[PDB]
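**Student:** Any chance you can model this:
(chains A and B)
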There are 2 protein chains.
Amino acid sequence: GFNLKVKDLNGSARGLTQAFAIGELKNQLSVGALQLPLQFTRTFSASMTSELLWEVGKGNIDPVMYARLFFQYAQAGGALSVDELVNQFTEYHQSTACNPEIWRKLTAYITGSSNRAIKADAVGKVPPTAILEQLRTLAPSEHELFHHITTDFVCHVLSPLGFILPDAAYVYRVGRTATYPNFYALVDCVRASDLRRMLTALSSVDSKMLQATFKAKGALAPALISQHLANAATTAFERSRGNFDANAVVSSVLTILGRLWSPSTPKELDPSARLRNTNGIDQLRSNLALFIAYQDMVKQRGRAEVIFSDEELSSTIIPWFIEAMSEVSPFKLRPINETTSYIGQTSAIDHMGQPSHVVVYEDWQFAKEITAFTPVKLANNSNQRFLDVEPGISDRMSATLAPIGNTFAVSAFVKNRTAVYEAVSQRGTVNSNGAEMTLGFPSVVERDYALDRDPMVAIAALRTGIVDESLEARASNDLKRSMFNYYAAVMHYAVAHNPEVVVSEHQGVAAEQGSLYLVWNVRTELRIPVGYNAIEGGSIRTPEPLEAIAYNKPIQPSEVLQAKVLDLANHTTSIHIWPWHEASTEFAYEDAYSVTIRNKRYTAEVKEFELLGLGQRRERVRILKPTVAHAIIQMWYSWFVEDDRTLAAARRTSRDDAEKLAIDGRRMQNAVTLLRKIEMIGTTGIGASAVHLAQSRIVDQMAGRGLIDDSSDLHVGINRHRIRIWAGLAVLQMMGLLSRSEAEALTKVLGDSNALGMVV
Amino acid sequence: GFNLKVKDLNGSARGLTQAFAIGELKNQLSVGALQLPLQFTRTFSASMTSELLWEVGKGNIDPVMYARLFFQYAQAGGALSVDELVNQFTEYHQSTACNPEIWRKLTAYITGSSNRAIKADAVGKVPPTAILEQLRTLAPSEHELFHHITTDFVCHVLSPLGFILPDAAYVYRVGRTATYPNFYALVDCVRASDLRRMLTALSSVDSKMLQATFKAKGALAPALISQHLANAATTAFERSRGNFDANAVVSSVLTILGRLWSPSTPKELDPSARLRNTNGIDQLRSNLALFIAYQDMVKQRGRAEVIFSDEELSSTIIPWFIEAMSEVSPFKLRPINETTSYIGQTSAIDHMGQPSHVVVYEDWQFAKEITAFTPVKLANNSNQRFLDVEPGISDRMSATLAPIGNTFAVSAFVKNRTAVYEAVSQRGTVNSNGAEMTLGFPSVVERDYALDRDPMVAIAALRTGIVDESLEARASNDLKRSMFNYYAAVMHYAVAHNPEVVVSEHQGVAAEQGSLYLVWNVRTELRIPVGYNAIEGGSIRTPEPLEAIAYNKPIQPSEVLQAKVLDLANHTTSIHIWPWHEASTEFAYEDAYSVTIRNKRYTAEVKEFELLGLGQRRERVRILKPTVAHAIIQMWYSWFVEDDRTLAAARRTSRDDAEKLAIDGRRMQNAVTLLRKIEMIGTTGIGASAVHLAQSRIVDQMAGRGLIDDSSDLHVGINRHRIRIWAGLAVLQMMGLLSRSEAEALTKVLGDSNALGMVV
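**Tutor:** Numbers count the residues shown, from 1 in each chain, chains lettered A, B, ... in the order given. What follows is the structure:
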C-alpha cells in the first residue's frame, strides 16, 4: 500500500530508485543516454503460497531434504545465516562422529556394555527416539536438526533389519520464503550444495556394503565397530573438503557476468571464448536475479576480485555453481514471463488523458482457515512436540474470517483506490502535485511480519532512503534484507513487461570502477506530467524501473496466487515437530470498551475466550500466525494512515483556498470508507458477540450504581457507531490481523478528521 | 432460609425473577398477555443424598466410570470445568501413550532389561502399584486419576497372566452434585461423552486380540512390545476424533428447540419438517431443564447461531446429543412429577383469608454419624492414603449429634416459622408491606459450604441482583453458579404443580430476537393482596414462578430425602483413596469462656480433646465436613440473623407508635427461641463437659488469686445462662456446624435486642 509521487522519486521513494541501489544518492541521477543491450529470458525466484509438512525418513538420509530445511531454518525465522548454520554443523560433526569416544558410549548404551562383547543373535530392536534421547545429553546442540542427521545415519548402517526398529514419525514445516536472492543468499546456495555433497558422502555405495561386510558371517563381536564406525564416518567427512570458498565462488562468477554485461570491457581481460562456450552461461547472462545480485554485491564490496584460475578453471570447474543453484535452493529457475503472473496494474485517468493515479497489485486470495493448536511435550529439554489442533476455536474464527476476505479483497482495494482521486470538473493535472502511484506487495510485507518486525519501519526507510545507525546487528540486517525484497520485486515486474533493456556503466563517484545499471524505453501519448523525462518523439528512455512502469497500460493478472493453510489435521496429530514457537503465538487478548453516559464513565473489559463464547479460558493453546492474511490488511492500513498523514501536511503547504477545500474532501471521504469497512466487521460472529458483552457489562454496572434508565443512551445514533467500530478493531486485534500499535494509530486517523457524518 | 415479600419481587428478590434470568432488569416486567402453549413432561436432575465409594478395577477400564469421576472431581470442589479437565487429559494421553520413548522406559523397569531382550518363560509377576509408582515420577500430573487409567490400560493388555499380579484396591468418593444443569454443564456432558468414546476405544476387541495375537506361541521377545503398544495406543487415539465441538453441539441444538418453542417463527428459517420428526425431539421440547438452560445461554451469549450443518446434520448427527445425556452424565433423565417429591409447602393466614406467610421447604433428615479419620501416607509425593477411622471420637460426637437434629429438624423449623407470623385480631394486611414468602433449600446451601464459600453472599445476590465486580473470576463464577441453582430449583417446583404454561418472546434488550419466557395460569379465591396481577376472572396469568407458587395450596412432601454418612469404616480401612483433603477438615478447636466476678475478669480456655474427655491431644486426625447438616442449620441462622436485620430498619422507618411496639415484639419473641435452642444444645455430652471444664478452671484460678468464696456467683441465674449458651455455640463450632464468623453474628443478634427475660 506504498503510495508514491512519480514526479519526484528522490523525495517520494529514495529506496526504490535504481540510483540508490547502485550507490548514487546524490542529486545527479543515472544518465538516460548510454550504451549496451541485453534481454532477460530467465530468473531465480522462490515460490509463494506454500505451507508444507515434510517427513524425515527411517534412514534414508536425503541429502537435498536436509539442505533445504537448513535454508528454511535460516529463512522463515532467524537463526544466523545458512552459512553460519553449516559451519556450526561441521564443528558438531567433527566433535561427535570423528570422536571415537562418543561412539564407544552409545554403542554401549544400545547393548549391552562397553566392555562385555557378545555376538548375541539374542539382542532385539531399539527405537531411534532412544538414541536421540541419548544424543541430547552427549552433544547438546541448540539446533536439534543435527541430532536427526546423525541418527538416521547410524540407522542406515544398522539395518540388517534386526537392531533398528524402523518406527518413528518426524515432520518439519516448509513455509513461505523471501522471494528473491540477495547477494549473500546466493552464497547461501553454494554453501548449501556444499552440504549436499557432504551428506551424500555419508550414505554411500561403501556404507551399504558396510552393512554387507558385517552381515558376514552372522552376528559378530560388538566392541570393535565403535572404533570402526568412528573411522568409517571420519573417512566420509575428510573425503568432502570445504574446497572452494563459497563466498569467493559467488564473488568471482558474478564478477565475470558483470564483465560481459558492461559496455566497458577493458583491454586487459574480457572473458575467454572457451568459457564463453561453456554450457548455460548464455542462460546465465540472461538471468535477472543474478543481475540485481551483482548490483548488491558491488554496492557493499565496492570491488570484485577474481581467483584468476580462469580462463581455464571455473569454465571447467565450476559450472557446479549451476548445479548448486539448480537443485538445493528454494530459488529454482523460471521463465521470466511466468514469474510476474500474479501482478496486476490499473490506471486512473483525466479527460485527454494522462493517468492521475496508477495502482500496481498482487492478486491474492484470502483465507481459508485459521488453525489453533495446543503444544504437547513428550520429553523435557527438547522442542519435540505433538501439536493437537483444537478446532471449534479454529472453525469459529474461520467463519469470522470469511466476511473479512470479502470486505478486504484486493479486488475491492483497487476499486476504492482508483475512483477516489477525481475532483470536481476534472481537469488534471500536474497540479494537485501530479500523478500518484501506489503499489501493494503483500508478498513483501509478510516477511516483516514473520520476522516480528514492523512493516512500517522498512516502508519509512523507502521514502527517506536512510537507516538508523543505532540499532543492533540482527535488527538492521533484517531491515536491509526487507528493504531489498521491495526493490527486487519492483524490477522483476518492470522488466518482464519491457524485456528489451540497455546496460550502462556509471562514471563512479571517485571514480572507482562503477556499478552497472539498467535503462528502459517506452512509447506513449504526447504530453507528460509524470516524472522528468523527455519524452521527445512519443517514446522515452528511463533509468528508474518505476518510470518504466508508470507508462505501461492496464494489465489483467494471470494467476490468483491463493494463499493456503498449513495442514495440522492429517499429519501432526500422529507426528513430531520442527522449530514451531517463533512461528506461532500465545493465544490471549484483552480489550475494553469505555463510554461516558450522562457525565459518568463506564468501562467494560473483555477477554478472548468470552469473545469466542466458551469457558473458562485455555492458556495452553496457541495460534499459528496468519502473516499473509495480515499483510493484505496492511495494504489497506498503510494507505489510510499514510494518506491522512500526507494530506495534513499537504493542507499546510497549500496556500490556495480552493485547493484546501478539495484536500479536506478526500480526507473525510476515505475516512468514512474506512469507518464503513470496520463497522461492517463489528457485525460478525465475534463482533456482535463482542458488542453484546460490552453493552451487557455496562448495564449491569449501571444497575448497581444507580438507575438503568440511562441505558437508552447506548441505543442513540452515535454511541451505536462507537461501540461498533470498537468491536471491529477488537476482532481484528484478537486474530493475527491488527497490532494494537497500528490499530491505535488507525483510530487517530479516524479522529484526526472529525469523520462522522450523522446523515439521518 | 431466604425470606421474601411477594408484592414487590424486584425489590425483595430480584435474583429469583424470571425477568432477571432472561435478562430484563428494567422496570418493565414480562407481559402477561402473549401467545403459545406447551407442556413439560420431563426434566434432567442430579441425585440428592448420595455418598458412594467406587473401586477402580484391574484393567478393565470402565469407560463410563472414569467419565463420571471426572465430573465429580470438577463438581465436588472446583477444578476448572470438566471441559478443561478433559483436554488436560488428552494432552497427558498424547505425552504418554503415543510416546514410544516412555513405553521403553517402564518395560525395562518391569522386566527384565533395557538392552538384553529375553522371551523368558521364567520371569515372574509384577504388582500394578509398582507400575503406578513409576508413572508418578515419569508423568507428574496433579490429578492422579490419569495414572490409573493408563496403569490399568497396560494391565488390560498385559494379561497372558504372566507379568501382572494384578492385586490392589483403590477407591473414589462420589458425593453430592449440583442438582440442575446450567448451560455450560450441558457442554460439560457432551465433552464427558467425548471421554466415553475415547476410553471405550482404548479397551477394545482389538486390544484383547492383541493379547491373543501374542498369546502365540508362548512367551515372546520384550523389546518389541514397547514400540508396539505405543502405536497400538496411538491408533486408538487417532480413531477417536474430537470431531464436533461440544460447545457448538449444545449451542445449536438448544437454539433450534427455541425456534420451535417460540410463537415468533420467521418465514426464512424455521425448523425443517424432517428434523421436526427427528426422534427424541418430542421429549426434548418437552424437557424443562433444557429450557431453563436455554434462557441461560441467551442471557450470557446474547444470540443463538447455528452450525447450519442442518437441515441434514442434526437429524443424523446429533441425536448423539441424547446419548451424551443418557449414560455419562450425573444429570440422568426424570419424569417431572417425581423430581419435586421432597418439596413441601404451607401457608399462614388472616381471617378471611389470604396467606400472610407461605413457606416452601425441602424435607431433610439429619445425622446419622460424623466420621473422624486419621490419614496414613504410604508414599510421599502422592495423595494415596489409608484413612484409619478412629471411632470413639466419632461415636462421642454422634451421640451429641443426635439431639441437634431433633432440635434443628426442618419439621420444627416450618412450625416455628408459620405459627409466629399471626398478629392480634388478624386482619392482614397489604399493610405491613404485604404477604411474606420464605423458602429453605439446604440442597443449594450445601453446595456453597462444600466449596468453602459463605452461603450468605449468594443470598445477598438474590435480593439485590448484582454481583461485586471486584471479586476474582473463580469467586464470581462460584457465586453465579450458586445463584443459578436457586433460580433453577424454584422453576422446577413451580412447573411441576402447574404444568399448563405459555411461551412468549420478548421485546429484547439489544434488541436481537429476544428470550422466550413463561406464563402460567391458576385458579383461586376472589380478592388478591399478593403481587400485582389482574386477577380478572378467578384465574390469573403471571410471568414469575414465585407468584405462581403463592397461589397453590399446602402440600405434603412425598419422599423424606434422608442425608447419609460416607462409610470409611468398611472400605478405606483396607483401601487407598480419592481427593479427600479439601473435603475434610483438620480437627482442632480452641475456645475460651470469660466472665467478670466482683470487678475481676477470669477466663478459662478449652481445647478439643478436653471437650471429648481424653489426653493428651492428637493433631493428626481430621473430620469429614458435614456440609449438609450445616446447610440445614443455615436455614435457621439466616432466618434469625436476616429477620433481626430487617426488623431493625423496620422500626426506624416506622413512624406509627402502634406499629413499632409490634415490630419490637417479633424481635425479642423469636430471639428467645434462638436463645432457648442454643442453650438446649449446651446440655449434651460435649456441652456439659464444656461447662464443667470452664467452671473448674475458673475456681482453680480463684483459689490462687484470692478467695474461692466468690465462686458462689457462678451459680447465679444470669451467669448460669451465660455459660450454657456459650457451650452451645462452642459445641456447634467444634463440629462442622457453625463458622466462627457466623457464630459471632448470631451473638450480635442475641445481644442487639437485650433478649433476656430473667423469668425466675
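
**Student:** Could you look up the SS state of the residue in the stretch 351-500 of chain A positioned nearest to chain B?
**Tutor:** Going by CB to the nearest CB, chain B is nearest to residue A:392 of the stretch 351-500 of chain A, at 2.8 Å. Just so you know, the C-beta spots here come from the backbone N, C-alpha and C atoms, and that holds for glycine as well. Here residue A:392 is recorded as coil under DSSP: H, G, I helix; E, B strand; the rest coil.

**Student:** Get me the contact residues on the stretch 51-200 of chain A for chain B.
**Tutor:** By CB under 8 Å from any CB of the partner chain, the residues of the stretch 51-200 of chain A that approach chain B are A:109-112, A:122-127, A:129-130, A:133, A:165, A:167-168.

**Student:** Now the residue of the stretch 351-500 of chain A closest to chain B. Nearest residue, chain neighbours left out?
**Tutor:** What sits nearest to residue A:392 in space, not counting adjacent residues and going by CB to CB, 6 or more residues apart in numbering or on different chains, is residue B:245, at 2.8 Å.

**Student:** tally of neighbours for the residue of the stretch 351-500 of chain A closest to chain B?
**Tutor:** Using other CB atoms under 10 Å in any protein chain shown, residue A:392 has 19 neighbouring residues.

**Student:** Please look at it and residue B:247 and confirm they touch.
**Tutor:** Yes. Applying CB atoms under 8 Å as the test, residue A:392 and residue B:247 come out as touching, 6.4 Å apart.

**Student:** now residue A:520, what's its secondary structure?
**Tutor:** With three-state DSSP as the criterion, residue A:520 reads strand.

**Student:** Who is it paired with across the strands?
**Tutor:** With DSSP bridges as the criterion, residue A:520 is bridged to residue A:542.

**Student:** can you count the residues close to it?
**Tutor:** 23.

**Student:** That one contacts residue A:542, correct?
**Tutor:** Yes. Judged on CB under 8 Å, residue A:520 makes contact with residue A:542 at a distance of 5.3 Å.

**Student:** list the residues that contact both of the two?
**Tutor:** By CB atoms under 8 Å, 6 or more residues apart in numbering or on different chains, residue A:520 and residue A:542 have these common neighbours: residue A:548.

**Student:** ok so, going back, quick one, what contacts the residue nearest to residue A:392?
**Tutor:** Counting by CB under 8 Å, 6+ apart, residue B:245 has contacts A:391-392, A:395.

**Student:** Please repeat the previous calculation with a cut-off of 10 Å.
**Tutor:** A:390-396, A:614, B:187, B:190-191, B:251-252, B:307 (CB atoms under 10 Å, 6 or more residues apart in numbering or on different chains).

**Student:** ditto for residue A:533
**Tutor:** A:32, A:522, A:540-544, A:547-548, A:550-551 are the contacts of residue A:533 under CB under 10 Å, 6+ apart.

**Student:** now, among the residues you listed, which is nearest to chain B?
**Tutor:** residue A:550 (48.1 Å).

**Student:** Validate this expectation: residue A:172 resides in a strand.
**Tutor:** Yes. Per three-state DSSP, residue A:172 lies within a strand segment.

**Student:** so what's residue A:283 closest to, chain neighbours aside?
**Tutor:** Using CB to CB, 6+ apart, the closest residue to residue A:283 is residue A:42 (6.0 Å).

**Student:** Distance check, the one you found against residue B:50.
**Tutor:** Noted for residue A:42: a distance of 79 Å to residue B:50, by CB to CB, to the nearest Å.
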